[PDB]
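[1] Output the structure for:
(3 chains)
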Amino acid sequence: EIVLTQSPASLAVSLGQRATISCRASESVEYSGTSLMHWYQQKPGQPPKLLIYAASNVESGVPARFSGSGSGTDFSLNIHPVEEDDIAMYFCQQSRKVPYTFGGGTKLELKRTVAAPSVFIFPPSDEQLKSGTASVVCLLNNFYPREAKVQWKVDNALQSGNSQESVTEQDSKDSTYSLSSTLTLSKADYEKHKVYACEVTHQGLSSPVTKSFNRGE
Amino acid sequence: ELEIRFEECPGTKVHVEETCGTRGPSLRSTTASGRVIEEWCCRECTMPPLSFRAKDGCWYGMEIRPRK
Amino acid sequence: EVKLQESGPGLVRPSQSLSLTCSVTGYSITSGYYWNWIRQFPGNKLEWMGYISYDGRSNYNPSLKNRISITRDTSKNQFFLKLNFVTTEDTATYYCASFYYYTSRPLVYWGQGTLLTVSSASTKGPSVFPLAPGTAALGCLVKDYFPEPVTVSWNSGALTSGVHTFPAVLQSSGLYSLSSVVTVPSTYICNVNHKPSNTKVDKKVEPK
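    Residues are numbered from 1 along each chain as shown, chains lettered A, B, ... in the order given. The relevant structure is shown in the block below.
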């Protein structure tokens, strides 16, 4: 099986700057002087879209800022100038030998200015407490960079193993991320403690911010 | 063997229109990537359209042009 | 117009059989193209499974050449992915795709994709709870459902700016949970649809 190694796994690039992804094949992909190597762009929630075929031919409808080069076992996709549309995954794929194989993909992220998260905490609905468990939710809205730390505090007792996070994809308009952390506790353990706190650590904050509440109003 | 056949190429449709381009090089119904060019035209050509069935697919007569 | 469309069951229990359909529109599957099946695991690695030609010749990925068939219905203009048995490792999004024979064989056409989850867990509808409150943030907590996905909107698709619907997370209970939020100046109802359970819930979030 022809193994395709893509590099880098991820790449952050600011608007207008050049972004170049590389693909390397375990063996030669040439056949009859043609590079049986193709490039695809995939957005979230969508199938891959053909960008470059035969390693250098830009498919109809694809903007001129894309280009491909290489031969043999080494190929490169080039985007310049990078635009906002271009935030996506990018795959190389060989069709020289069967089975056909893909690279691991390269996630393209956009660079922008620091944006601190707006932090919100939500207490468990008592409709959800009537059910028998309790989920405290903490929201981190519209921040950049992606790196953000969430830590839960129950009466300032540090928690572990009882929370689950989830981050959105880089927004198409403002290039920010958003995060949700959910603290799941038994309704028994929930009604035994007093102050629930969420402590967020982000580059856009001078020091970790905490949003809290007490059970009752 | 190259065959002359009066029927539309697979995945394509021919519109008789004054708006069409003039006669030119005979084009294949699929691009180099293999994408079908769906809509074709012609100025005064009669249906069904002239096509060539070749080793690599369906080609259209000189009178039949891509719509855009 | 050339269109490829997948369709399938969505959830299948382990060791059971899998059959997915790809319906082709605007082109006969008995001409020109090789009709392929590609799947994308979680983590986004793509694996080519096999094809069937316009002649009805098939070729398979050796990784699957004990359980896979790729059949076709020329009268319905469809081709199918047949997997004799599935494991939990076969959870992925399954794509159909085609390449023209007299080319460098790039995959020019793709289907929208279909999500397939393989798990012993049973289908269950979600419970929707409110996330109640300068700028204010509210939302809806969609908890304890299976399988994915859910679809959330706000005020029947009118409210669309400032909305963030998060990726689901798999709880230790084997069921999914996600939240959908929207920021707003200080009526709001989330619309949540889990079609594997025919659940359509409206829930109004206003603060106490």
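
[2] Please make it C-alpha for all contacts and neighbour counts, starting now.
    Fine.

[3] out of everything not next to it in sequence, what's closest to the most centrally placed residue in chain B?
    Nearest to the mean C-alpha position of chain B, by C-alpha atoms, centre = their mean, lies residue B:60 at 3.1 Å. With sequence-adjacent residues excluded and distances taken as C-alpha to C-alpha, 6 or more residues apart in numbering or on different chains, residue B:60 is closest to residue B:51, at 4.4 Å.

[4] Return the list of strands paired to the strand or helix carrying the one you found, each annotated with direction.
    Residue B:51 belongs to strand B:50-54 when assigned by DSSP states H and E. Using DSSP bridges, the strands paired with strand B:50-54 are strand B:3-6 (antiparallel), strand B:57-60 (antiparallel).

[5] continuing past the last one, what's the next helix or strand?
    Next along the chain after strand B:57-60, taking DSSP H and E as the criterion, comes strand B:65-66.

[6] and if you look at the first one?
    Counting by DSSP H and E, the next helix or strand C-terminal to strand B:3-6 is strand B:13-16.

[7] other SSEs contacting that next one?
    The helices and strands touching strand B:13-16, judged by 3 or more C-alpha pairs under 8 Å, 6 or more residues apart in numbering or on different chains; DSSP states H and E, are strand B:39-42.

[8] Output the contacting helices and strands for the strand it packs on.
    By 3+ C-alpha pairs under 8 Å, 6+ apart, strand B:39-42 packs against strand B:13-16, strand B:65-66.

[9] The residue nearest to the centre of chain B against residue B:24, yeah?
    No - using C-alpha atoms under 8 Å, residue B:60 is not in contact with residue B:24; the gap is 10.4 Å.

[10] In three-state terms, label residue C:144 for me.
    Secondary structure, DSSP: H, G, I helix; E, B strand; the rest coil: residue C:144 is strand.

[11] How about the contacts made by it?
    With contact taken as C-alpha atoms under 8 Å, 6 or more residues apart in numbering or on different chains, residue C:144 is in contact with C:124, C:125, C:126, C:127, C:175, C:176, C:177.

[12] One more: residue C:39?
    C:46, C:47, C:48, C:49, C:92, C:93, C:94, C:95.

[13] ok, now how distant is the fourth one from residue C:34?
    For residue C:49, the distance to residue C:34 under the criterion C-alpha to C-alpha, to the nearest Å works out to 13 Å.

[14] any idea which helix or strand carries residue A:40?
    Counting by DSSP H and E, residue A:40 is part of strand A:37-42.

[15] Can you get me the start-to-end distance on stretch A:115-129?
    Stretch A:115-129 has an end-to-end distance of 35 Å (C-alpha to C-alpha).

[16] can you list contacts of that stretch?
    A:134-145, A:176, A:178, A:187, A:197-198, A:200, A:202-205, A:211-213, A:215, C:129-133, C:137.

[17] which parts of it are buried?
    A:115, A:116, A:117, A:119, A:120, A:121, A:122, A:123, A:124, A:125, A:128, A:129 (16 or more other C-alpha atoms under 10 Å in any protein chain shown).

[18] any idea how far chain C is from the residue nearest to residue B:53 when sequence neighbours are not counted?
    Nearest residue to residue B:53, sequence neighbours excluded (C-alpha to C-alpha, 6+ apart): residue B:3, at 5.2 Å. According to C-alpha to the nearest C-alpha, to the nearest Å, residue B:3 and chain C sit 16 Å apart.

[19] got a list of contacts for stretch B:1-13?
    With contacts defined as C-alpha under 8 Å, 6+ apart, stretch B:1-13 is touched by B:14, B:29, B:36-40, B:47-55, B:58-60, C:1-2, C:26-28, C:31.

[20] So for it, what gets flagged as buried?
    By 16+ other C-alpha under 10 Å, the buried positions in stretch B:1-13 come out as B:5, B:8, B:9, B:10, B:11, B:12, B:13.

[21] What is the neighbour count of residue A:197?
    Applying other C-alpha atoms under 10 Å in any protein chain shown, we find 22 residues neighbouring residue A:197.

[22] is it fair to say residue A:178 lies in a strand?
    Yes - when classified by three-state DSSP, residue A:178 is found to be part of a strand.

[23] quick one: contacts for it?
    A:117, A:139, A:140, A:141, A:142, A:143, A:167, A:168, A:169, C:164.

[24] at 7 Å what do you get?
    A:140, A:141, A:142, A:143, A:167, A:168 (C-alpha atoms under 7 Å, 6 or more residues apart in numbering or on different chains).

[25] Take the helix or strand containing the first one, keep the C-alpha atoms, and write them as PDB.
    It refers to residue A:140. Following DSSP H and E, one finds residue A:140 within strand A:133-143. The C-alpha coordinates for strand A:133-143 follow below in PDB (Å, rounded to 0.1, in the frame of the first residue of the first chain):
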ATOM      1  CA  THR A 133     -28.700  14.400  38.300                       C
ATOM      2  CA  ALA A 134     -27.200  17.800  37.900                       C
ATOM      3  CA  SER A 135     -25.100  19.400  35.200                       C
ATOM      4  CA  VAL A 136     -23.400  22.800  35.700                       C
ATOM      5  CA  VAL A 137     -22.500  24.400  32.400                       C
ATOM      6  CA  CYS A 138     -19.700  27.000  31.800                       C
ATOM      7  CA  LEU A 139     -19.600  28.900  28.500                       C
ATOM      8  CA  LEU A 140     -16.500  30.500  27.000                       C
ATOM      9  CA  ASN A 141     -17.800  32.700  24.100                       C
ATOM     10  CA  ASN A 142     -15.800  34.100  21.200                       C
ATOM     11  CA  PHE A 143     -12.100  33.900  22.200                       C
END
